[PDB]
$ cat run-v1.cif   # mmCIF, C-alpha atoms (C1' of nucleotides)
data_structure
#
loop_
_atom_site.label_atom_id
_atom_site.label_comp_id
_atom_site.auth_asym_id
_atom_site.auth_seq_id
_atom_site.Cartn_x
_atom_site.Cartn_y
_atom_site.Cartn_z
CA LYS A 28 0.00 0.00 0.00
CA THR A 29 1.19 3.60 0.70
CA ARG A 30 3.84 4.71 3.27
CA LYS A 31 3.56 8.32 4.60
CA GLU A 32 5.29 7.44 7.94
CA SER A 33 5.17 9.82 10.92
CA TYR A 34 6.30 10.20 14.54
CA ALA A 35 2.81 9.49 15.98
CA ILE A 36 3.98 6.66 18.33
CA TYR A 37 6.69 8.91 19.94
CA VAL A 38 4.47 12.04 20.51
CA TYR A 39 1.63 9.95 22.06
CA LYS A 40 3.60 8.24 24.85
CA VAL A 41 5.21 11.59 25.69
CA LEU A 42 1.75 13.06 26.29
CA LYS A 43 0.82 9.93 28.28
CA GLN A 44 3.91 10.63 30.36
CA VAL A 45 2.59 14.14 31.17
CA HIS A 46 -1.17 13.68 31.59
CA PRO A 47 -2.10 9.98 31.15
CA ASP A 48 -5.89 10.26 30.91
CA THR A 49 -5.72 13.53 28.94
CA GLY A 50 -6.69 13.79 25.24
CA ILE A 51 -5.85 15.22 21.80
CA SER A 52 -7.48 16.02 18.42
CA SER A 53 -6.38 14.39 15.13
CA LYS A 54 -5.57 17.96 13.91
CA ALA A 55 -3.02 18.79 16.67
CA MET A 56 -1.37 15.43 16.05
CA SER A 57 -0.08 16.37 12.63
CA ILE A 58 0.84 19.87 13.86
CA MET A 59 3.11 17.92 16.21
CA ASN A 60 4.85 15.77 13.57
CA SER A 61 5.05 18.83 11.31
CA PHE A 62 6.75 20.53 14.25
CA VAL A 63 9.26 17.74 14.97
CA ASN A 64 10.28 17.15 11.36
CA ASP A 65 10.83 20.92 11.15
CA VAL A 66 13.12 20.98 14.15
CA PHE A 67 14.87 17.84 12.79
CA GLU A 68 16.26 19.55 9.62
CA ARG A 69 16.96 22.77 11.62
CA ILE A 70 19.45 20.97 13.95
CA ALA A 71 20.95 18.24 11.63
CA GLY A 72 21.53 20.66 8.73
CA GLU A 73 23.47 23.07 10.99
CA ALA A 74 25.62 20.16 12.10
CA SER A 75 26.41 19.48 8.48
CA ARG A 76 27.48 23.13 8.01
CA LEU A 77 30.07 23.29 10.82
CA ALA A 78 31.56 19.88 9.90
CA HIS A 79 32.79 21.19 6.51
CA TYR A 80 33.83 24.59 7.82
CA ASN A 81 36.66 23.92 10.17
CA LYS A 82 37.66 21.12 7.77
CA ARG A 83 36.31 17.77 8.89
CA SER A 84 34.23 15.12 7.39
CA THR A 85 31.96 13.31 9.83
CA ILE A 86 29.20 14.57 12.15
CA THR A 87 29.33 13.38 15.78
CA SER A 88 27.37 14.19 18.92
CA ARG A 89 29.75 16.96 19.98
CA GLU A 90 28.73 19.08 17.06
CA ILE A 91 25.02 18.70 17.81
CA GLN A 92 26.10 19.55 21.29
CA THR A 93 27.66 22.82 20.16
CA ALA A 94 24.91 23.46 17.68
CA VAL A 95 22.22 23.18 20.14
CA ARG A 96 23.84 25.72 22.45
CA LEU A 97 23.54 28.72 20.12
CA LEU A 98 20.25 27.52 18.48
CA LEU A 99 18.37 28.09 21.74
CA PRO A 100 18.24 30.63 24.65
CA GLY A 101 20.11 30.40 28.02
CA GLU A 102 17.91 28.50 30.50
CA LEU A 103 16.36 25.78 28.34
CA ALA A 104 19.64 25.18 26.64
CA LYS A 105 21.58 24.08 29.71
CA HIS A 106 18.92 21.67 30.92
CA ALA A 107 18.59 20.40 27.41
CA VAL A 108 22.35 19.71 27.14
CA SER A 109 22.35 18.08 30.57
CA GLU A 110 19.58 15.69 29.67
CA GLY A 111 21.25 15.06 26.35
CA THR A 112 24.71 14.40 27.74
CA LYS A 113 23.49 11.94 30.40
CA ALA A 114 21.11 9.93 28.19
CA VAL A 115 24.08 9.02 25.98
CA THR A 116 26.51 8.69 28.84
CA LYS A 117 24.24 5.99 30.28
CA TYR A 118 23.94 4.46 26.83
CA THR A 119 27.69 3.87 26.71
CA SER A 120 27.86 2.66 30.33
CA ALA A 121 25.80 -0.27 29.03
CA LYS A 122 27.34 -2.19 26.09
"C1'" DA B 1 -113.11 42.07 53.92
"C1'" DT B 2 -108.46 41.76 56.91
"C1'" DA B 3 -104.61 39.32 59.30
"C1'" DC B 4 -101.42 35.23 59.72
"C1'" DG B 5 -98.03 31.82 57.55
"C1'" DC B 6 -94.07 30.36 54.50
"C1'" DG B 7 -91.10 29.34 50.78
"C1'" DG B 8 -87.20 28.86 48.50
"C1'" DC B 9 -83.02 32.11 48.73
"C1'" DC B 10 -78.81 32.78 51.02
"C1'" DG B 11 -74.37 33.85 53.92
"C1'" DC B 12 -72.32 30.81 57.19
"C1'" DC B 13 -68.90 27.54 58.95
"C1'" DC B 14 -67.83 22.85 57.99
"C1'" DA B 15 -66.85 18.33 55.61
"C1'" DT B 16 -64.57 15.15 51.19
"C1'" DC B 17 -61.75 13.87 47.05
"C1'" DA B 18 -58.73 14.83 43.23
"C1'" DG B 19 -54.77 17.21 41.19
"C1'" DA B 20 -50.35 19.69 41.16
"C1'" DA B 21 -45.31 19.71 42.41
"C1'" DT B 22 -40.81 18.63 45.05
"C1'" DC B 23 -37.87 15.20 46.45
"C1'" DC B 24 -36.10 10.49 46.05
"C1'" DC B 25 -33.71 7.91 43.32
"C1'" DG B 26 -32.13 7.23 37.09
"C1'" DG B 27 -31.10 5.94 32.09
"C1'" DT B 28 -28.49 7.78 28.01
"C1'" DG B 29 -25.26 9.40 24.89
"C1'" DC B 30 -20.40 11.11 23.91
"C1'" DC B 31 -15.44 11.01 24.42
"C1'" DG B 32 -10.97 9.00 24.79
"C1'" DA B 33 -7.75 5.19 26.49
"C1'" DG B 34 -7.49 0.42 24.99
"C1'" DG B 35 -7.05 -4.20 22.49
"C1'" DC B 36 -6.52 -6.46 19.08
"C1'" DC B 37 -3.49 -7.54 15.11
"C1'" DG B 38 -1.12 -8.73 10.98
"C1'" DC B 39 1.13 -8.70 6.89
"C1'" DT B 40 5.96 -6.75 6.40
"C1'" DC B 41 9.52 -3.93 4.99
"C1'" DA B 42 12.62 -0.99 7.64
"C1'" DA B 43 15.88 -1.37 11.58
"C1'" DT B 44 19.28 -4.70 13.86
"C1'" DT B 45 22.58 -8.15 13.96
"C1'" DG B 46 27.17 -10.01 13.00
"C1'" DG B 47 31.09 -8.84 10.05
"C1'" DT B 48 34.89 -6.89 6.78
"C1'" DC B 49 37.90 -2.96 4.98
"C1'" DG B 50 39.71 1.44 4.82
"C1'" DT B 51 39.97 5.82 5.67
"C1'" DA B 52 38.94 10.38 8.53
"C1'" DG B 53 40.53 12.35 11.97
"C1'" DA B 54 42.51 12.28 16.47
"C1'" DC B 55 47.08 13.35 18.03
"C1'" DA B 56 51.53 14.53 18.77
"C1'" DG B 57 55.70 17.78 16.57
"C1'" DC B 58 56.73 21.61 14.63
"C1'" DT B 59 57.29 26.41 12.99
"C1'" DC B 60 56.01 30.24 11.97
"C1'" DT B 61 52.12 34.10 11.51
"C1'" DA B 62 49.65 37.95 14.18
"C1'" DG B 63 47.56 39.10 18.18
"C1'" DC B 64 49.11 41.51 22.43
"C1'" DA B 65 51.20 44.83 24.96
"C1'" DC B 66 53.33 48.87 25.61
"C1'" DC B 67 54.99 53.73 24.88
"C1'" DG B 68 55.04 58.52 23.51
"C1'" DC B 69 54.57 62.31 20.23
"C1'" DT B 70 50.48 64.75 18.09
"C1'" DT B 71 45.57 66.40 17.62
"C1'" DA B 72 41.43 65.40 16.07
"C1'" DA B 73 37.54 64.40 18.39
"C1'" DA B 74 34.86 64.36 22.46
"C1'" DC B 75 33.24 67.12 26.43
"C1'" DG B 76 30.52 70.31 29.07
"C1'" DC B 77 28.21 74.50 29.24
"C1'" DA B 78 25.73 78.83 27.58
"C1'" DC B 79 21.89 80.81 25.05
"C1'" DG B 80 17.79 80.86 22.18
"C1'" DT B 81 15.09 79.24 18.61
"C1'" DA B 82 11.92 76.47 16.60
"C1'" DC B 83 9.74 72.10 17.53
"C1'" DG B 84 7.11 68.56 20.87
"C1'" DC B 85 2.88 68.31 22.64
"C1'" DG B 86 -1.62 70.17 24.70
"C1'" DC B 87 -5.86 72.37 23.97
"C1'" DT B 88 -9.65 73.43 21.35
#
$ encode --input "run-v1.cif" --output "structure tokens"
Amino acid sequence: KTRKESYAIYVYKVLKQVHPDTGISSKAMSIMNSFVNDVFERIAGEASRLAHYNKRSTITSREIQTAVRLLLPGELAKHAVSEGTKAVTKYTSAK
DNA sequence: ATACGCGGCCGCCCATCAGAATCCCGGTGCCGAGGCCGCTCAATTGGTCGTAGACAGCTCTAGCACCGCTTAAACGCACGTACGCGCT
């Protein structure tokens, strides 16, 4: 049949996590995927840009790390890094 | 010819039977997590090769600092004009 994949499974549990027996319209659901896919290119594209400025050829986590910092304002940014840094840190701990 | 009787009418308080209306319990429809699921094609798994890029060595630009002769530019103040802004 057709494809047209989306992030619907990811957005839904997140909302469950923050009000479990709280609801949503089928119109705000796409707004959400539209919103995510939009932020996706915003961050990953910028990573691509720096990589081939100061003369290197792969994109790691550090770059995102840097990228994120100047893409967003002071207070959210730090918490965001923190969360980000740990999630992965744990990831490696396992293996 | 002349006087007595009364008759249903009626206001009265006083009695009976049905209807209206509030409270004691209700069914119904809408919304949103759930479950079920299944054919399957994208991620994961185990695996090879090679190449970017970390890293250490090196040298070799240019960013810093610092100074003093020179002076243009900033400063602060004095005076009034011609706008900001208030009213009608």
$ resolve_selection --input "run-v1.cif" --expression "the PyMOL selection byres ((chain B) within 8 of (chain A))" --output "PyMOL selection string"
chain B and resi 32-33+52-53
$ closest_residue --input "run-v1.cif" --among "A:94, A:74, A:38, A:121" --to "residue 60 in chain A" --atoms "only C-alpha atoms"
A:38
$ resolve_selection --input "run-v1.cif" --expression "the PyMOL selection byres ((chain A and resi 95) around 10)" --output "JSON, numbers by chain"
{"A": [70, 71, 73, 74, 89, 90, 91, 92, 93, 94, 96, 97, 98, 99, 100, 104, 105, 107, 108]}
$ atom_distance --input "run-v1.cif" --atom1 "CA of residue 55 in chain A" --atom2 "CA of residue 31 in chain A"
17.3 Å
$ atom_distance --input "run-v1.cif" --atom1 "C1' of residue 39 in chain B" --atom2 "CA of residue 52 in chain A"
28.6 Å
$ atom_distance --input "run-v1.cif" --atom1 "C1' of residue 57 in chain B" --atom2 "CA of residue 80 in chain A"
24.5 Å
$ closest_residue --input "run-v1.cif" --among "A:28, A:35, A:72, A:115" --to "residue 56 in chain A" --atoms "all atoms listed in the file"
A:35
